[PDB]
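Undergrad: Could you have a look at this structure, given as structure tokens, before my questions?
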Amino acid sequence: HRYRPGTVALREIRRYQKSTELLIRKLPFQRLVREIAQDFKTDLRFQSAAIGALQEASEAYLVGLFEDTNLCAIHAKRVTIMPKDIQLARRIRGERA
Amino acid sequence: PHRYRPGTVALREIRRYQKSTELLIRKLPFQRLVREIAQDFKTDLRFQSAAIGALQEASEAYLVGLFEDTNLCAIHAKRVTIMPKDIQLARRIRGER
Amino acid sequence: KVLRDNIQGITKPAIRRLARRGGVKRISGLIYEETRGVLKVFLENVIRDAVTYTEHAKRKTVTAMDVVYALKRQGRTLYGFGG
Amino acid sequence: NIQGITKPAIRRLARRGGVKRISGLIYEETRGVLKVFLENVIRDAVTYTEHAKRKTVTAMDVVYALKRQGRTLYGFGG
Amino acid sequence: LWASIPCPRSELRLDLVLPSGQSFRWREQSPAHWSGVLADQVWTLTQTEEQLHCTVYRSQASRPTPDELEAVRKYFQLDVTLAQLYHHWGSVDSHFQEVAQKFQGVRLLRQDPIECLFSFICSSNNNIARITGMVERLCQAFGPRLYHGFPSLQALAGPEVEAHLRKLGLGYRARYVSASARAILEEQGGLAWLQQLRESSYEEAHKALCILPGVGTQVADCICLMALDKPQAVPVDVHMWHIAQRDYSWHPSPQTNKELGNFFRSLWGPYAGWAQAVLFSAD
Amino acid sequence: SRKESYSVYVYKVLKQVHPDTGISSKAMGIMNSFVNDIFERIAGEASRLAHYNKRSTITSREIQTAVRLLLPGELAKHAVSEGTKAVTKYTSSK
Amino acid sequence: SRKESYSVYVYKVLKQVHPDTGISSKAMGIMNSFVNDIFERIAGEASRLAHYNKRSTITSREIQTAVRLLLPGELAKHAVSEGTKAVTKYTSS
Amino acid sequence: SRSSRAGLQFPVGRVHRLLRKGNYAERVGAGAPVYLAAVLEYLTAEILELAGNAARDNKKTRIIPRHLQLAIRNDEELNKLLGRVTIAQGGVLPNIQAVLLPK
Amino acid sequence: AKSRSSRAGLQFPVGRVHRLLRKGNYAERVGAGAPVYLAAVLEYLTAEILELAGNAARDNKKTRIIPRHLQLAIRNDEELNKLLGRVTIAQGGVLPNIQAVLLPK
DNA sequence: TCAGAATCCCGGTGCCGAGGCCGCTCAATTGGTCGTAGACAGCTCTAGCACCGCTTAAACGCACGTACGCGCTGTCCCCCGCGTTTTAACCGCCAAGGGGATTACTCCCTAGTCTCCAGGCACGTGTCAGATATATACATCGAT
DNA sequence: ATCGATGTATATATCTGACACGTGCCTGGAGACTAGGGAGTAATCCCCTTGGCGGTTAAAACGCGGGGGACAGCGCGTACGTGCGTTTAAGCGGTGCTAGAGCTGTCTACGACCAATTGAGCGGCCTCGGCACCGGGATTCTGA
């Protein structure tokens, strides 16, 4: 058979809300963190726990941001989120002027 | 005998109340409101005039900010009228209850 | 002196003026009750802390500094009235 | 390396948030948002490390940077 | 005491076949001398090279009688020359070639269809040791003390005493057992019905068996393979499926299991079932 | 070196409330950080109260009003009740 | 009793920048409260830094780091430069 | 000891020392550490009770950050107290908008 | 010169800031340079805000700074507005801003 | 309907908090001894509350019209689902050395204290920046 | 488009009270001296962060079908806006009383600080029992 569109999305949501592991790959995020850091100060060192905490904070922030942008999209009577939704969410939350 | 089309006077009013800076809620009703609220916490309190002034100023500022966020949501939903669902969305996204 | 029903003292045109200062051009009919409820909740939250501050100092008069501190601790710092 | 935040990873993050259907440009928007957030946190963390004259960004520095951002984090220190 | 009956060891490895999960009333009592009840009496099973051994109880115990001997041998189905089949299987299947050149003497046996059905009902998602203990408990709890025997078709159920079976460790299988025991009585013809399935075509017996509660594709396959005399049947147990994965595969669901069984039958020919057992007891 | 933590006392409370239950190290760390955070909140609020009222000391009263300020309604009431109970019992045996 | 504020100095700077401009009483009060709030923020951040580093004395470096943490963008740079200039001039005599 | 006298389980001495060295005020009354320790002990007991209940719901005997997150977010009071804090390995509360469900 | 403010070249009260640092109970000890640094920072920020506010007042033809001008200067600037983004200025008003979609056709 | 989840229990992993001894810090107690913070008693007089009359700006109620919010239909394109190919993440393990923490020592900077005195605060005064009021010239919206 | 009504910004003039300025003085800031310990500096240690290699394999990347969700048009009817007349009560200015906010005097009960004592608690293995998960001769249940 072939699952109708949107039905696997629901099971994916249930799967990723019941579990608690990390979603972003560890090495790419660590590399991104170092690439951003080297701008402010060269040859920095990072404790493993420091990067773990950074990843956890970033994932929590992004999950909250998506929860809000999903609320925005539903409010506009849409089901698909679009960049205007994220812009609205950040603007309301005070992260943009 | 004249009549302006809908929204023209609303725009003039917006310009007026964004150019001036006086208070917008009548004073005595707000004083009575704060005293009424206060009754539930401690009996027969006495309020400094400056205390009620500060309360009113903060309340009006908060409501104006809330209405700006509500207008943002209403525009985002392709509407021009603000509705209770817009205020609820703004409150929810702001983190308020 | 007992008080009651003064919440309605926040009149409809007052809500309209507040919205206009927010840039809203067209307003629904149901917005007013929601706005009054929101204002009541916010006032309760602020005045509870103000009254607590007044009680701590053994005073009976809620001073402006109590309101300013209550607002400041709520992440709504206020300028011009004290502190 | 911002392009290293893979499309399926952003999809998984959105799924955990309860999103059902995702537009094409949401990926670029999310990458921009994440870059801004990481820059904001990392600047404060690096400031803390420079203040202590260290060169190793300690977990406590990240925790303090997040706490000052009003985004307190539990599980790494205090 | 000591008894013997001619059959070569290559025809049957009585030392190894019995605990291979076909019947669960067999467990050691004397070294290399398995004990178990069949035909409402106790037997001891071992084997020598040029003959087998099978002795019975009588204190005046010396040897078994011809009728009991033939009943038990028929249970073993020893009247088929199993050894030669390696000549056809090594050359028809590449992996069974390696199995055949490794070890020899694995066949199927014929217990009662009721015992087969209930034992494999207890075997759903379970290990052989636990199924053995569970059967020993269920028989002791309900069936007569003959080692305790299988109960009657009606006596396997009762006035909502089905909660009793759960006390034996039967778990969720108690509902299966109770429902199937009530059904075989109230909508089927008991022992004559079961014999009918022994004298019904492969696909008809398959469909008839699958209709009762507590028995699925794999349990029905096992009942067809043994105690109902359907040698073409190739049950797909977890060991079979894993061996298929590590031997050869092309594509689990009911359709996939159907295709797997069809291909296995196409490979090992009419006597596929007996071949499966050899492959099965390799692990 | 020697690191101070609440991992002992938090466990003592746990077995007082849920005798059977246990706690993992990760959750013990969460609990320790949570206790530190609330202690810092309450102490900071009490310090600000004392500074506002020109008082040099922070006493049971400052802690009580700080608890009433920080915690929500029911939690604040129960915390105040328990704090008053503890202070009265402690001073009952000077 | 005797009260004190920054109203004298806030006016001193004003005259230095815009000699002809005046300031109303309410604006002066807002400026005074702004100065108090900024002072409180910087002092609190410096205190927390000192506590984090186990050090007991608030030095100039603590103020500099607190300013770097609190002030955004070009304000951080300019304020740090002004503070360093003031400290150097003070130490020079 | 002072912990025993007040009937509390938390350390009154450590709380007093932290109130002292923390530089919160010039002086620290005797009653402050006892009150503060009592409050901390109460809050810890409450959150641990809720976490243990959540763990029992999941058929687990150990409290893990997932259970702490569930206890914190499912309780209307703690949620307000700890709204802004994020808990490592906490996950999120299962919640799917009704509009997204199939017809 | 006696006063520390004169020595540092500042206009703000170095001595008063030192007192507040000590009496405010921020730390056990206060460095000699901390009051000077803090006073200089506060003076720079005050000068910035008053420069912008005076610019706004001159734009409005008035000679006295009033809360409206402080509000305009603070909100129009892009970095002060981030420094004082959650601060209410009494008698402040709002920046003139009407959303594009709402403008008349 | 053909995929995914759940059911009972026994045994086997594998990790891992929980005592447990043990040794030992060090800091938490116990007991004294002082200095002063503030609790209490008063006393002053600010300002908060109550009420009273008057004016008029603001709020209310209602009428009429139109524009926009909602619903419905149609198009069409672009995200989801699926399969196949690709790549680099992760896991394990091993090496090098950078720097974060410790310890000891030293000295110079801040705290504490005691004299003076002048800079800012309180009060009083003058005057000009702006609020009010009258006059009107241009702008924008709506009808035509 | 053009013309008319209403609104807005701009001119000019008067009066006032809010802010700039001046004067007195007192208390808090500055100068001078002692001291002691907090911070700076040098050496040492070891651990933990960076770096590398090989494989395996899980996840990412890419391509394609097409299903449905986004988006655009259109219609309509009623909810909202604008305007007018009517009614409420907020704002202003006075008059009067007194609760209590703010300050002063004191003296004692409390907390800071010290010395001498010990056990509560921290770090280190060790031995667990115990917890969590998987897997077993699948079938049934549930939803797409």
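As shown in the structure tokens, the chain order sets the letters A, B, ...; within each chain, residues go from 1, and ligands are also counted from 1 in the order they appear.
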May I have all residues of chain D that DSSP, computed from the backbone, assigns to helix (DSSP H, G or I), given as a PDB file with C-alpha atoms, in the first residue's frame?

TA:
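Done, and the output landed in states_17.pdb:
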ATOM      1  CA  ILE D   2      25.337  26.722   8.901  1.00  0.00           C
ATOM      2  CA  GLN D   3      24.474  24.760   5.754  1.00  0.00           C
ATOM      3  CA  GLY D   4      25.391  21.699   7.831  1.00  0.00           C
ATOM      4  CA  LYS D   7      16.928  19.613   6.122  1.00  0.00           C
ATOM      5  CA  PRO D   8      15.675  16.440   7.891  1.00  0.00           C
ATOM      6  CA  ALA D   9      17.054  17.742  11.200  1.00  0.00           C
ATOM      7  CA  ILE D  10      15.005  20.930  10.865  1.00  0.00           C
ATOM      8  CA  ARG D  11      12.059  18.731   9.929  1.00  0.00           C
ATOM      9  CA  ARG D  12      12.522  16.684  13.107  1.00  0.00           C
ATOM     10  CA  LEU D  13      12.726  19.820  15.247  1.00  0.00           C
ATOM     11  CA  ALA D  14       9.528  21.126  13.660  1.00  0.00           C
ATOM     12  CA  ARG D  15       7.853  17.755  14.219  1.00  0.00           C
ATOM     13  CA  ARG D  16       8.674  17.838  17.923  1.00  0.00           C
ATOM     14  CA  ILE D  26      11.380  27.498   6.282  1.00  0.00           C
ATOM     15  CA  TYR D  27      14.778  25.792   6.144  1.00  0.00           C
ATOM     16  CA  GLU D  28      16.677  28.968   5.261  1.00  0.00           C
ATOM     17  CA  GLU D  29      14.619  30.975   7.744  1.00  0.00           C
ATOM     18  CA  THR D  30      15.405  28.492  10.521  1.00  0.00           C
ATOM     19  CA  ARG D  31      19.100  28.509   9.654  1.00  0.00           C
ATOM     20  CA  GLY D  32      19.166  32.295   9.938  1.00  0.00           C
ATOM     21  CA  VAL D  33      17.315  32.265  13.258  1.00  0.00           C
ATOM     22  CA  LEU D  34      19.607  29.604  14.720  1.00  0.00           C
ATOM     23  CA  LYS D  35      22.704  31.487  13.584  1.00  0.00           C
ATOM     24  CA  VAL D  36      21.470  34.666  15.271  1.00  0.00           C
ATOM     25  CA  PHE D  37      20.655  32.866  18.525  1.00  0.00           C
ATOM     26  CA  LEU D  38      23.993  31.059  18.632  1.00  0.00           C
ATOM     27  CA  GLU D  39      25.875  34.287  17.935  1.00  0.00           C
ATOM     28  CA  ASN D  40      24.060  36.038  20.777  1.00  0.00           C
ATOM     29  CA  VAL D  41      24.805  33.284  23.294  1.00  0.00           C
ATOM     30  CA  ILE D  42      28.396  32.686  22.173  1.00  0.00           C
ATOM     31  CA  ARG D  43      29.346  36.355  22.413  1.00  0.00           C
ATOM     32  CA  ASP D  44      28.394  36.427  26.099  1.00  0.00           C
ATOM     33  CA  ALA D  45      30.074  33.077  26.772  1.00  0.00           C
ATOM     34  CA  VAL D  46      33.303  34.303  25.174  1.00  0.00           C
ATOM     35  CA  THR D  47      33.057  37.525  27.170  1.00  0.00           C
ATOM     36  CA  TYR D  48      32.842  35.498  30.382  1.00  0.00           C
ATOM     37  CA  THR D  49      35.856  33.394  29.404  1.00  0.00           C
ATOM     38  CA  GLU D  50      37.885  36.471  28.506  1.00  0.00           C
ATOM     39  CA  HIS D  51      36.948  38.038  31.836  1.00  0.00           C
ATOM     40  CA  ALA D  59      29.969  24.728  30.657  1.00  0.00           C
ATOM     41  CA  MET D  60      29.374  27.155  33.516  1.00  0.00           C
ATOM     42  CA  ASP D  61      30.100  30.038  31.150  1.00  0.00           C
ATOM     43  CA  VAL D  62      27.422  28.796  28.749  1.00  0.00           C
ATOM     44  CA  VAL D  63      24.990  28.359  31.642  1.00  0.00           C
ATOM     45  CA  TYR D  64      25.621  31.897  32.892  1.00  0.00           C
ATOM     46  CA  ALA D  65      25.302  33.318  29.380  1.00  0.00           C
ATOM     47  CA  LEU D  66      21.952  31.580  28.944  1.00  0.00           C
ATOM     48  CA  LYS D  67      20.757  32.671  32.388  1.00  0.00           C
ATOM     49  CA  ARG D  68      21.590  36.296  31.627  1.00  0.00           C
TER      50      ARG D  68
END

Undergrad: For residue 174 (chain E), find every residue with an atom within 9 Å (counting only C-alpha atoms (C1' of nucleotides)), except residues of its own chain fewer than 6 positions away, and show them as number ranges by chain.

TA: E: 122, 162-166

Undergrad: Atoms to include: N, CA and C atoms. Write the selected residues as a JSON list (two decimals), in the first residue's frame.

TA:
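selection-v6.json was written with the following content:
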[["chain", "number", "residue", "atom", "x", "y", "z"],
["E", 122, "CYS", "N", 0.33, -22.33, 23.08],
["E", 122, "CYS", "CA", 1.17, -21.85, 24.16],
["E", 122, "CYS", "C", 2.52, -21.34, 23.66],
["E", 162, "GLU", "N", -11.73, -19.45, 33.52],
["E", 162, "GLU", "CA", -10.60, -19.17, 32.65],
["E", 162, "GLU", "C", -9.54, -18.30, 33.33],
["E", 163, "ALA", "N", -9.91, -17.56, 34.38],
["E", 163, "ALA", "CA", -8.91, -16.86, 35.17],
["E", 163, "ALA", "C", -7.94, -17.81, 35.84],
["E", 164, "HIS", "N", -8.32, -19.08, 35.99],
["E", 164, "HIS", "CA", -7.45, -20.06, 36.64],
["E", 164, "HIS", "C", -6.16, -20.23, 35.86],
["E", 165, "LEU", "N", -6.27, -20.29, 34.53],
["E", 165, "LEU", "CA", -5.12, -20.57, 33.69],
["E", 165, "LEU", "C", -4.06, -19.49, 33.82],
["E", 166, "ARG", "N", -4.48, -18.23, 34.00],
["E", 166, "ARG", "CA", -3.53, -17.14, 34.20],
["E", 166, "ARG", "C", -2.62, -17.39, 35.40]]

Undergrad: I need the residue nearest chain C from this list: G:36, G:57, G:16, G:7. Use only C-alpha atoms for the distance.

TA: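 Smallest distance to chain C is found for G:36.
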
Undergrad: Compute the set of chain H residues within 10 Å of chain G, using only C-alpha atoms, and express it as a ChimeraX atom specification.

TA: /H:21-23

Undergrad: What's the 8 Å shell around residue 13 (chain F), counting only C-alpha atoms (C1' of nucleotides), without same-chain residues fewer than 5 positions away, as a list in words?

TA: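 Those residues are residues 9, 41, 44 and 45 of chain H.
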
Undergrad: Enumerate, in order of chain and increasing residue number, the residues of chain J with an atom no farther than 9 Å from chain I, each with its shortest atom pair and distance in Å to one decimal, counting only C-alpha atoms (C1' of nucleotides), as CSV.

TA:
residue,atom,partner,partner_atom,distance
J:109,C1',I:31,CA,8.4
J:110,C1',I:29,CA,7.0
J:111,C1',I:29,CA,8.2
J:129,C1',I:63,CA,7.6
J:130,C1',I:62,CA,8.8

Undergrad: Report as an MDAnalysis selection string all protein, DNA and RNA residues lying within 10 Å of residue 43 (chain C), evaluated on only C-alpha atoms (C1' of nucleotides), omitting residues in the same chain fewer than 3 positions from it.

TA: (chainID B and resid 33:34 37:38 55:56 58:59) or (chainID C and resid 37:40 46:48)

Undergrad: Keeping N, CA, C and O atoms, export the residues of the selection given above as a short mmCIF file (atom, residue, chain, number, x, y, z; two decimals), in the first residue's frame.

TA:
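Result file is again.cif:
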data_model
loop_
_atom_site.label_atom_id
_atom_site.label_comp_id
_atom_site.auth_asym_id
_atom_site.auth_seq_id
_atom_site.Cartn_x
_atom_site.Cartn_y
_atom_site.Cartn_z
N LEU B 33 -11.28 51.32 40.01
CA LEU B 33 -10.94 49.94 39.66
C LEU B 33 -9.79 49.43 40.51
O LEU B 33 -9.83 48.30 41.00
N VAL B 34 -8.73 50.23 40.66
CA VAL B 34 -7.60 49.76 41.45
C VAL B 34 -8.00 49.58 42.91
O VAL B 34 -7.57 48.62 43.56
N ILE B 37 -9.89 46.30 43.12
CA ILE B 37 -8.99 45.16 43.08
C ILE B 37 -8.30 45.02 44.43
O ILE B 37 -8.17 43.91 44.97
N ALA B 38 -7.85 46.14 45.00
CA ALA B 38 -7.10 46.10 46.25
C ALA B 38 -7.92 45.49 47.37
O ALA B 38 -7.35 44.90 48.29
N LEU B 55 0.29 53.31 38.25
CA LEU B 55 -0.50 52.16 37.85
C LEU B 55 -1.19 52.42 36.52
O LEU B 55 -1.14 51.59 35.60
N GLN B 56 -1.83 53.58 36.39
CA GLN B 56 -2.55 53.90 35.17
C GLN B 56 -1.60 53.99 33.98
O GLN B 56 -1.91 53.49 32.89
N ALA B 58 1.37 52.56 33.52
CA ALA B 58 1.83 51.23 33.14
C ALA B 58 0.72 50.44 32.45
O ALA B 58 0.97 49.73 31.47
N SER B 59 -0.51 50.54 32.96
CA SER B 59 -1.61 49.79 32.36
C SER B 59 -1.86 50.23 30.93
O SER B 59 -2.03 49.40 30.03
N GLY C 37 -11.01 41.91 30.61
CA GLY C 37 -10.48 40.79 31.36
C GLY C 37 -8.97 40.82 31.46
O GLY C 37 -8.40 40.58 32.53
N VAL C 38 -8.30 41.13 30.35
CA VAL C 38 -6.85 41.20 30.34
C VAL C 38 -6.37 42.29 31.29
O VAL C 38 -5.42 42.09 32.06
N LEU C 39 -7.01 43.46 31.24
CA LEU C 39 -6.62 44.55 32.12
C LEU C 39 -6.83 44.19 33.58
O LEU C 39 -6.00 44.52 34.43
N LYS C 40 -7.94 43.52 33.88
CA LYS C 40 -8.20 43.10 35.26
C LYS C 40 -7.12 42.15 35.74
O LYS C 40 -6.63 42.27 36.87
N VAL C 46 -0.19 43.12 39.34
CA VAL C 46 0.67 44.20 39.83
C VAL C 46 0.31 44.57 41.26
O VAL C 46 1.18 44.73 42.12
N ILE C 47 -0.99 44.74 41.54
CA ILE C 47 -1.40 45.25 42.84
C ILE C 47 -1.14 44.22 43.93
O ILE C 47 -0.90 44.60 45.08
N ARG C 48 -1.16 42.93 43.61
CA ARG C 48 -0.82 41.95 44.64
C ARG C 48 0.60 42.19 45.16
O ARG C 48 0.82 42.25 46.37
#

Undergrad: Quick one: residues within 8 Å of residue 58 (chain F), only C-alpha atoms (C1' of nucleotides), excluding same-chain residues fewer than 6 positions away - as a PDB file with N, CA, C and O atoms, in the first residue's frame?

TA:
ATOM      1  N   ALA F  46      15.014  38.977  49.047  1.00  0.00           N
ATOM      2  CA  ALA F  46      15.128  39.426  50.430  1.00  0.00           C
ATOM      3  C   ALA F  46      16.158  40.536  50.562  1.00  0.00           C
ATOM      4  O   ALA F  46      15.962  41.490  51.324  1.00  0.00           O
ATOM      5  N   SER F  47      17.271  40.423  49.838  1.00  0.00           N
ATOM      6  CA  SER F  47      18.276  41.476  49.862  1.00  0.00           C
ATOM      7  C   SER F  47      17.702  42.785  49.347  1.00  0.00           C
ATOM      8  O   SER F  47      17.924  43.848  49.938  1.00  0.00           O
ATOM      9  N   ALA F  50      15.343  44.266  52.002  1.00  0.00           N
ATOM     10  CA  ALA F  50      16.075  44.899  53.091  1.00  0.00           C
ATOM     11  C   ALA F  50      16.672  46.223  52.641  1.00  0.00           C
ATOM     12  O   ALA F  50      16.649  47.208  53.387  1.00  0.00           O
TER      13      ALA F  50
ATOM     14  N   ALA H  25      23.227  40.785  52.471  1.00  0.00           N
ATOM     15  CA  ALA H  25      22.968  41.880  53.394  1.00  0.00           C
ATOM     16  C   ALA H  25      24.095  41.932  54.413  1.00  0.00           C
ATOM     17  O   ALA H  25      24.901  41.006  54.527  1.00  0.00           O
ATOM     18  N   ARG H  27      23.894  41.973  57.694  1.00  0.00           N
ATOM     19  CA  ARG H  27      23.656  41.062  58.802  1.00  0.00           C
ATOM     20  C   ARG H  27      22.609  40.041  58.386  1.00  0.00           C
ATOM     21  O   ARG H  27      21.815  40.275  57.475  1.00  0.00           O
ATOM     22  N   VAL H  28      22.611  38.898  59.065  1.00  0.00           N
ATOM     23  CA  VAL H  28      21.686  37.809  58.772  1.00  0.00           C
ATOM     24  C   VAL H  28      21.104  37.322  60.088  1.00  0.00           C
ATOM     25  O   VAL H  28      21.826  36.763  60.922  1.00  0.00           O
ATOM     26  N   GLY H  29      19.804  37.525  60.275  1.00  0.00           N
ATOM     27  CA  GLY H  29      19.164  37.090  61.499  1.00  0.00           C
ATOM     28  C   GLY H  29      19.179  35.582  61.652  1.00  0.00           C
ATOM     29  O   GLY H  29      19.380  34.828  60.703  1.00  0.00           O
ATOM     30  N   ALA H  32      16.318  33.575  59.634  1.00  0.00           N
ATOM     31  CA  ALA H  32      16.311  33.497  58.173  1.00  0.00           C
ATOM     32  C   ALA H  32      16.726  32.130  57.646  1.00  0.00           C
ATOM     33  O   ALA H  32      15.986  31.567  56.820  1.00  0.00           O
TER      34      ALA H  32
END

Undergrad: Write out as a ChimeraX atom specification the residues lying within 9 Å of region 19-36 of chain C, counting only C-alpha atoms (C1' of nucleotides) and excluding same-chain residues fewer than 6 positions away.

TA: /B:7-8,10-11,13-19,63-71,80-84,87-88 /C:7-8,10-12 /I:93-94,96-99,102 /K:79-81

Undergrad: For chain F, report every residue with an atom at most 12 Å from chain K (counting only C-alpha atoms (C1' of nucleotides)), formatted as a ChimeraX atom specification.

TA: /F:1-9,21-24,56-59
